[PDB]
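*Asks:*
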Ligand SMILES: [Ca+2]
Ligand SMILES: [Ca+2]
Ligand SMILES: [Ca+2]
Ligand SMILES: [Ca+2]
Ligand SMILES: [Ca+2]
Ligand SMILES: [Ca+2]
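Numbering (the numbering used here), first residue to last: 1047 to 1346.
Here it is, written out as C-alpha cells:
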C-alpha cells in the first residue's frame, strides 16, 4: 500500500542503508505473486532497478538483480514491462561478469524473462544473449552451467524461429554431450533443453537427430531413476511427433522394444508416457510435442 512509493524513492537515497533496505523490501514483496508484483511495477520501481544494474556496488547490484528476477517471475506483461524499462542490455553485459554470484543472478533474471511469451523470448535473442549462453555451456562451474542451461531451455520453449536461433547459435553439440553427464541435475536440464528444441518443426527435430541425440536418449530408457526416465521419454516423445524421417530415425535407434516394455512399468506416468511415444511412432501424422518453461525466485 502507501509505503511502496517511499521504497521506490529510496532507490535513489543518498543514505546507502536506506537504499539497501528499500531494495531488499521490494525484492521480498515481489516474492508474493503477480498482484504484489503489479503493485511494485505501478509504484514506478522499474526504471530505478534497471539503473542500479550499472552500480559498481555489488550489494546493490545483487539485490537489484534479485528484485528484477522476482518481478520477471510474473505474467508475460509484467515481464514485458521489465524489457521495456531497458533491463536486457545490462543483463546481457552482466553475462561477462567475473563475479560468479552476480553472473548466477543475471542468468536467473534472464531465464525468467525468457519464460514469457514468444515476443519476450525474441527480445532476449535480439539483445544478443545466445552466444554468451552457449559459451557458458563450457563452464566447469556447475552452478553457472545449471543457470545457463535453464536460460537456453526457456528460449527454446518459444516458437520455431526462437528454437532455430538456439540451433544457429551452436548449442546442440554441447547439449548432446551433456546427456553423458554423471550429474543428474545437469542431465535433467540438458534433457529439458533438447526436448524443447525437439518441440519445433520437423527440421528442428531433425537437427536434434543429426547432432547425435538418439543413442544417448535410448540408453537413458534403461535408467532406474524414474525422474530421468520420464525426462528421456518426454524427449523421445517430442522427436516422435515429427514426420516419417524423424519417426524412422527413432525406430532405427532401437527405441520400439524399450518403449513397449516401459508400458509395463509400475509407475503410471512412465506407462502413459511410453504408450504415447509408442503410438506416435506407429501412427501416420504428426504433432503433439510439449514445451516446458522454468521460473525461479531469488530470495535471501
Ligand atoms: Ca551516502
Ligand atoms: Ca564495488
Ligand atoms: Ca570471480
Ligand atoms: Ca566444478
Ligand atoms: Ca551423479
Ligand atoms: Ca528408482
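Note that beta-carbon positions come from the ideal geometry of N, C-alpha and C, so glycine has one too.
Report whether the distance from the Cβ of residue 1188 to the nearest heavy atom of ligand 5 is below 8 Å.
*Replies:* no
*Asks:* Kindly indicate the opening and closing residues of the alpha helix (DSSP H) around residue 1280.
*Replies:* Membership of residue 1280 in the alpha helix (DSSP H) is indicated by the continuous run 1272 to 1285.
*Asks:* When you measure from the CB of residue 1058 to every non-hydrogen atom of ligand 5, does any distance come out below 8 Å?
*Replies:* no
*Asks:* For residue 1331, does the count of other Cβ atoms within 10 angstroms reach 16, so buried, or fall short, so exposed?
*Replies:* exposed
*Asks:* When the distance is taken between beta carbons, is residue 1245 closer than 9 Å to residue 1286?
*Replies:* In this structure, residue 1286 keeps its C-beta atom at 9 Å or more from the C-beta atom of residue 1245.
*Asks:* If you draw a straight line from the alpha carbon of residue 1284 to that of residue 1306, how long is it in whole angstroms?
*Replies:* Residue 1284 and residue 1306 have their C-alpha atoms roughly 17 Å apart.
*Asks:* Classify residue 1297 as buried or exposed, calling it buried when 16 or more other Cβ atoms lie within 10 Å of its own Cβ.
*Replies:* exposed
*Asks:* Within the continuous alpha helix (DSSP H) that includes residue 1298, where are the two ends?
*Replies:* 1290 to 1298
*Asks:* When you compare only the Cα positions, how much space is there between residue 1343 and residue 1276?
*Replies:* 25 Å
*Asks:* Is the CB-CB distance between residue 1195 and residue 1238 below 9 Å?
*Replies:* yes
*Asks:* Taking just the CA atoms, how far does residue 1299 sit from residue 1079?
*Replies:* 45 Å
*Asks:* Suppose you measure from the CA of residue 1153 to the CA of residue 1134; what does that come to, to the nearest Å?
*Replies:* Taking the straight line joining both Cα atoms gives about 11 Å.
*Asks:* Residues in the same chain with beta-carbon distance under 6 Å from residue 1185, minus the five sequence neighbours each way, listed in chain order, please.
*Replies:* 1191
*Asks:* With DSSP collapsed to three states, give me the class of residue 1142.
*Replies:* coil
*Asks:* Quick one: any contact between the region 1105 to 1118 and the region 1062 to 1069, if contact means 3 or more CB pairs under 8 Å?
*Replies:* Using a C-beta cut-off of 8 Å, the region 1105 to 1118 makes contact with the region 1062 to 1069, since at least three inter-stretch Cβ pairs fall below that distance.
*Asks:* In the region 1107 to 1151, which residue ranges form an unbroken alpha helix (DSSP H) of at least 4 residues, counting only runs that do not cross its ends?
*Replies:* 1122 to 1130, 1133 to 1140
*Asks:* Is it buried or exposed, residue 1116, if we count other Cβ atoms within 10 angstroms and call 16 or more buried?
*Replies:* Residue 1116 is buried by the Cβ-count criterion.
*Asks:* Taking 8 Å as the cut-off, is the C-beta of residue 1093 nearer than that to any heavy atom in ligand 6?
*Replies:* no
*Asks:* Please go through the region 1162 to 1199 and give each complete beta strand (DSSP E) segment of 3 or more residues, from N-terminal end onward.
*Replies:* none
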